[PDB]
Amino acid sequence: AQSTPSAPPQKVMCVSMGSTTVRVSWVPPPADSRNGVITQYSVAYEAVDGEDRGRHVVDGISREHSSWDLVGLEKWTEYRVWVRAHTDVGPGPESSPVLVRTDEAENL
């Protein structure tokens, strides 16, 4: 009767796009592990070495998305990033954190 995901999103990747932006991408959890329709994703992130070290979350990302751009980040700062799935009932577990750093370089 579990109706929440028992597994995290898969193949989590993070790429720095510019001085304040990171593109986070993922794959849904294995279908059998979902225990219901996944209705949203959320992406949490936390600076390792920044001025703001609080955990932030982008919540309510639609189920069809396989990537999201985190914006407004600190320059030259490293972040832990975790993605999690949710059913209508509640949240699933987060992925194992991926570490990504913003930098001066811009991907054109």
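One-based numbering along the sequence shown.
Relative to one another, 27 to 35 and 59 to 67 have unequal mean CA B-factors, and 27 to 35 is the one with the higher figure. Look at the mean CA B-factor for 17 to 25 and for 81 to 89 in the entry; the higher one is 17 to 25. Ranked by Cα temperature factor within the chain, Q10 sits in the middle third according to the deposited record.
Ranked by Cα temperature factor within the chain, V48 sits in the lowest third according to the deposited record.
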